[PDB]
Amino acid sequence: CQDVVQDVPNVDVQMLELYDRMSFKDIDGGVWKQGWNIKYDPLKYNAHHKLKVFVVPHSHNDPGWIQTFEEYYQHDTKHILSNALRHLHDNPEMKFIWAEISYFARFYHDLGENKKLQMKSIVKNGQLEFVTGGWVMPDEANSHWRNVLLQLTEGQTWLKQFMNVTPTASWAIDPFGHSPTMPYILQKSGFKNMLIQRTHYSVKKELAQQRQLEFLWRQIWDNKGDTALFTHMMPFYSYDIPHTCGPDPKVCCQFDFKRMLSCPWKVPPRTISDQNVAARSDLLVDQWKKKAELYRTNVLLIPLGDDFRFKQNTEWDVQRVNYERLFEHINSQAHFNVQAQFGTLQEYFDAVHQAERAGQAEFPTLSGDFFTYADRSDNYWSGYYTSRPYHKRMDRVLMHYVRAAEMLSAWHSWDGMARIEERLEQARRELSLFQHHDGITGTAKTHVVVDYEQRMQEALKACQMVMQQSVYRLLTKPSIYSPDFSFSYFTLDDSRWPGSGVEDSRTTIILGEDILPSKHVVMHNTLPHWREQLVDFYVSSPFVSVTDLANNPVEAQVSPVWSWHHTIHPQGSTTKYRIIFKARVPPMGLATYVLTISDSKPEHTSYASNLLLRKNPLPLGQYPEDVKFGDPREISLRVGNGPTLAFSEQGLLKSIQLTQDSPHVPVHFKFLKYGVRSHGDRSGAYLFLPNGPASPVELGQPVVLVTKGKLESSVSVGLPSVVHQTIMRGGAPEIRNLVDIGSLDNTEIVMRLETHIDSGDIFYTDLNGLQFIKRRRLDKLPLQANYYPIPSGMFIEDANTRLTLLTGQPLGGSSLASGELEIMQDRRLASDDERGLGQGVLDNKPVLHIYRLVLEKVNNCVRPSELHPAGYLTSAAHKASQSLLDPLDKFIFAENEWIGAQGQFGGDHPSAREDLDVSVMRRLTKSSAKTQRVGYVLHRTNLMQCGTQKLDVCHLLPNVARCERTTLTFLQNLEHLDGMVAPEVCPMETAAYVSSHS
Ligand SMILES: OC[C@@H]1[C@@H](O)[C@H](O)[C@@H](O)c2nc(CCCc3ccccc3)cn21
Ligand SMILES: [Zn+2]
Ligand SMILES: [Zn+2]
């Protein structure tokens, strides 16, 4: 294993380092507005050194944006694919690339066998080439690496299964900035090459000047370079035809033959004839040779396409016939020294690697990311890190439910009548669809966001049905287990989605001596280690005690059920209560507990006090402790031996103390607002264009609720637009915000932490929940350029102290000053930001955001070199993130009686090292397969050293006949394991295994 802390990689281009050196001057470069007038020596080219030009036809198909997936399919995409099948069949030299497998699968399944075989023939002869082959072309900012892998696996499994092809070249022309998470997954998925487009205009110029637009993209911690993937960055403003032939879009637009739609430079395309072909070819080859000066080989990529292009058969004809006339002329005239032809992406990369093998070029190394993206001036695309934050949170919930459902159902082979495979396939595809760069980003029209939401709701329900069937099977004696595959044996209880304040939907367990004295509940732990977590349930009485199925008492706490109403005041339930207790659940396992009613106060159940700080002072039915009242004031709570927390008069954190003999370190939560410019460019779904720094929110004298208990305590307050809550369970606290931005038009609400940590200009954000990247705040860039994706975490630190904020949802954030962290909560925007959506963001809905807040001492931790581009979490911050993203699942038994009930599953499962995760467990075979196969993805993170059994997934199921190390998609074997034992994986490595069983 490489060390990833002490060694700093030696790369030609390190993007944080380059960012420090770059001026970011926004100079008019001429016809290439954001570059310079390209010059080439024409005697560069001769019969022995010709330019080789691949013209690569394509059609950018958004799986939802202005229209829904199905709308686009019926209106556009089905015609594009019908015409591709017809035109490529009929024209053997014509080529086409396709990226979105969601659309291709939707099309292919609707064809007759003859059309299906026609399609196979134009894929096998290489006319139609799949690029990437994901379900979508995913967002790279907000997306979790697990969901990027899921949608890649879903697309590539479809291609392998139905087309017998696995792409090794990736095409990502539209995501709004690019993440090194992509090459990481792609290079561990058998890829050899990738292509990106949307990078800062200043970055394109800088790399172009050094011919560093092709580079070996390695991870920021990779010393050796084994993660390196060859990457082609396109040089110009767009993927459209005016911005892909060469530097002058007025010229390139004349070779978009569909525009004879028109050219905004006001020179239309001309039909190619014997009369003008010499002149037209001279214009075009001049553009090609200028573009070729920016790259190191004599092999040139010329994409030919745009949004939903190649829809009409007359577009196919007008593009094909005019380019054939150009190629015929150019190829036959020696003076050009060009060979031009329709090609695919793989053909381009194959030719580039031939030129490299033959010493014609060596490529530079690069580490870093391409956030935050700007397409022009100060138009930074940090808005979509936050846009439609309800659906951004829903992504993380469904992420976990798909993992839980695949893992719980993987333990057994299921009869086809259970429809397990059908529900999981639906769940994977709706979650995969939402990874789209107009899904999770929140950049689609109102009705399309509604479609994504309804699809993810159906996916959640499918997961619940699979999970409850699986739990019933795993915990019922096989001698009794006699399933009805349509029955609800359990209902799921989730206290964090949607959240009781968003939707009052949690079921109450109704107990009573006559009606039903006791209720079985079951916790699932998807993580491969022993876990204790407080869990809660709604119960109809406060007189409830908890036992395991062995009748061992379990210490519990009962709290009232509070909700908040309209200024903003709490109300207690007189009819339902929260029972809280510590579930202990095996690795990848289940634990059964029992809730029982009694006459009076149980022996092992404590009751919380309830202080309502307010100026002019509530029943709680049977709740044994009366609500106490007071005037606003400073309060201080400790739970267990964990941190002591001081809160302001207004119910917001002001200080944390770690241990009894620790200093009270200050940490001030504060809600500010950003506004929208009245003059010049407007913030919208994409762009963050603040009219200056944020100004404090008008807090007033808000009602403050303090709940104090042995196991769990809480401070809630009803601030305008936010119900803010700090929850203490005896480690790092949990923050919940119920955010209702209401009708505050042209507002972005931000949550800031003000510390005295001596961070300076340094801060750390994660990429795709996989790695933490060093950020430097740059005063030479505007505020919106210092905003980065916060997909799972952010942190600041000096020599002694670190504060880490973990998120249950991707949001935008920064450290705009020494010892600050800030993260945006919601944004309501009356204006369009001129990126084609043609609406503002006025469809806000109440969302419950969740966080863990981890103040630590790091002076005794091995931190990486001051030069290292990476950061690493501590064990505590990492476990806190795991608590947010993969909590214990809760199941309530539906019926009165459970004959066969067992207490535990997975008691014998290995409790793997804290830094290892079974990211994926998925059974790969149906019941009708002679040999059962199960795929595992294992991820080992890297935790900071500050001062467990071996997990072999090959042997997790019995009767292992074979084990393979595979690509992350499970689609190819990389290493036969003779000992059928999985070698363990290095820090910051992700590996996949497929185990066979006889
Ligand atoms: O800008 C980003 C979005 C992105 O969200 C989509 O996923 C991507 O496919 C896309 N295509 C366009 C075309 C430009 C709009 C237009 C077209 C003619 C006239 C006026 C405006 C915009 N976008
Ligand atoms: Zn797009
Ligand atoms: Zn083998």
Side-chain angles (χ1 to χ4, degrees), residues 12 31-32 35-57 92-95 97 126-127 129 168-169 192-193 195 207-216 230-236 244-248 251-252 255 272 274 276-304 320 322-365:
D12 294 316
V31 289
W32 182 13
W36 76 92
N37 285 325
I38 299 166
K39 283 168 200 217
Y40 62 97
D41 183 356
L43 307 173
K44 179 177 173 104
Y45 302 103
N46 60 46
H48 292 280
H49 297 98
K50 289 169 64 160
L51 186 59
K52 182 71 200 278
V53 177
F54 289 110
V55 173
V56 179
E93 288 181 318
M94 187 60 182
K95 308 279 185 107
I97 57 170
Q127 280 192 269
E129 178 177 295
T168 66
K192 304 313 186 191
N193 296 283
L195 174 148
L207 298 182
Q209 280 175 344
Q210 295 303 325
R211 308 199 299 163
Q212 296 178 319
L213 294 165
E214 287 173 333
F215 58 77
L216 281 154
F230 184 81
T231 302
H232 172 106
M233 184 193 300
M234 293 164 57
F236 302 139
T244 51
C245 104
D248 183 351
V251 179
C252 292
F255 298 91
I272 303 300
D274 296 348
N276 66 18
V277 61
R280 297 275 88 187
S281 301
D282 190 66
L283 250 205
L284 184 56
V285 168
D286 175 66
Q287 286 306 302
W288 290 346
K289 283 172 183 188
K290 286 172 179 161
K291 193 167 183 211
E293 269 314 283
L294 306 182
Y295 301 90
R296 296 195 173 192
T297 82
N298 278 357
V299 182
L300 185 65
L301 177 61
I302 307 299
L304 188 77
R320 182 182 51 80
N322 283 292
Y323 275 87
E324 275 174 15
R325 284 192 205 113
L326 291 162
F327 298 158
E328 194 143 332
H329 182 82
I330 293 165
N331 293 336
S332 73
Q333 293 283 333
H335 69 84
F336 287 125
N337 294 307
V338 167
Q339 167 61 30
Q341 65 205 53
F342 300 121
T344 68
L345 186 64
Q346 185 56 52
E347 283 191 75
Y348 169 74
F349 285 125
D350 285 346
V352 171
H353 292 300
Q354 278 143 20
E356 179 186 10
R357 271 207 330 287
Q360 164 175 146
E362 53 149 39
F363 297 104
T365 60

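Quick note: residue numbers are just sequence positions, from 1. We use all heavy atoms of the structure for the numbers below, so side chains are in, but hydrogens, waters and symmetry mates are not.
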Those residues that, when tested against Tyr348, pass ring-ring contact (aromatic ring centres under 6.0 Å, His included) (two or more places apart): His232

Does any N or O in the side chain of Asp248 come within less than 3.5 Å of the main-chain N or O of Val31, such that one atom is a donor and the other an acceptor? no

Would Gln341 and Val55 count as a side chain to side chain contact (heavy atoms under 4.5 Å, CB included) if you check the C-alpha gap in whole Å, the side-chain angles of each, and the deciding distance to 0.1 Å? CA-CA 6 Å; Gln341 65 205 53; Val55 173; over 6 Å; no

Close side-chain approach of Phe342 and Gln127, heavy atoms under 4.5 Å: no

From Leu284 CG over to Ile330 CD1, what is the distance, rounded to the nearest 0.5 angstrom? 5.5 Å

Nearest-0.5 Å distance, CZ of residue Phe363 to CD of residue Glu214: 5.0 Å

Do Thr168 and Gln346 come close enough that some side-chain heavy atom pair is under 4.5 Å? yes

Tell me whether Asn46 contacts the main-chain N or O of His49 through its side chain, where contact means a donor paired with an acceptor under 3.5 Å. yes

If you measure from OH on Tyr40 to OH on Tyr45, what distance do you get to the nearest 0.5 Å? 8.0 Å

Do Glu356 and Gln354 have a side chain donor and acceptor closer than 3.5 Å? no

Sorted by chain and number, sequence neighbours left out, side chain to side chain donor-acceptor pair (under 3.5 Å) with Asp274 holds for none

Please evaluate residues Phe215 and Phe230 with respect to the criterion ring pair (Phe, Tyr, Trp, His ring centres under 6.0 Å), reporting the C-alpha separation (whole Å), side-chain torsions for both, the decisive distance (0.1 Å), and the verdict. CA-CA 6 Å; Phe215 58 77; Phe230 184 81; 8.2 Å; no

Kindly give the heavy-atom pair with the smallest separation between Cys245 and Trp288, and that separation in Å. O-CD1, 3.3 Å

Residues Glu324 and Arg320 bridged, charged N to O under 4.0 Å: yes

Would you say the side chain of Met234 lies within less than 4.5 Å of the side chain of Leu195, judging by non-hydrogen atoms? yes

Test side chain to side chain contact (heavy atoms under 4.5 Å, CB included) applied to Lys52 and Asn298, step by step: CA-CA 6 Å; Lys52 182 71 200 278; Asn298 278 357; over 6 Å; no

Got more than 12 heavy atoms from elsewhere within 6.0 Å of CD, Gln360? yes

With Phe54 as partner, the option from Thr344, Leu304, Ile302, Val299 fulfilling side chain to side chain contact (heavy atoms under 4.5 Å, CB included) is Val299

Can the ring centres of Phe255 and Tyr323 be said to be less than 6.0 Å apart? no

Of all heavy-atom pairs between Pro57 and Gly343, which one has the smallest distance, and what is that distance? CD-O, 3.9 Å

I'd like to check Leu51 versus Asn337 (side-chain heavy atoms, cut-off strictly below 4.5 Å). Are they in contact? no

Which atoms form the tightest heavy-atom contact between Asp12 and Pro364, and what is the distance? OD2-CA, 3.2 Å

May I ask you to check whether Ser281 and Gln333 show a side-chain donor-acceptor distance below 3.5 Å? no

Given 3.5 Å as the limit, does a donor-acceptor pair link the side chain of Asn331 with the main chain of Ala340, or not? yes

Closest non-hydrogen atom pair, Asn193 against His353: OD1-NE2, 2.7 Å

For a 4.5 angstrom cut-off between non-hydrogen side-chain atoms, does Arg325 reach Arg280? no

Once rounded to the nearest 0.5 Å, what's the spacing between atom OG1 of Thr231 and atom CG of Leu216? 7.5 Å

Going by side chain to side chain contact (heavy atoms under 4.5 Å, CB included), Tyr295 matches just one of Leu213, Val352, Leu301. Which one? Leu213

Give a yes or no on whether the backbone of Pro42 and the side-chain of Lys289 come within a donor-acceptor separation of less than 3.5 Å. no

To the nearest 0.5 Å, how far apart are CD1 in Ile272 and NE2 in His329? 10.0 Å

To the nearest 0.5 Å, atom CG of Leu300 lies from atom CD of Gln339 at 13.0 Å

Donor-acceptor pair, side chain of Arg296 and main chain of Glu362, under 3.5 angstrom: yes

Would you call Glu347 and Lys95 a salt bridge, using N to O less than 4.0 angstrom? yes

Can you tell me if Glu328 has over 12 outside heavy atoms packed within less than 6.0 Å of its CD? no

ring-ring contact (aromatic ring centres under 6.0 Å, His included) filter on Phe236, not counting sequence neighbours, yields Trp32

Judged by atom type as modelled, is there a donor-acceptor pair below 3.5 Å linking the side chain of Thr297 to the main-chain atoms of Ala355? no

Go through the steps to decide whether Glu293 and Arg211 satisfy the test side chain to side chain contact (heavy atoms under 4.5 Å, CB included), and finish with yes or no. CA-CA 8 Å; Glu293 269 314 283; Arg211 308 199 299 163; 6.0 Å; no

Among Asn37, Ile38, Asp286, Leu294, which residue meets the side chain to side chain contact (heavy atoms under 4.5 Å, CB included) test with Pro247? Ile38

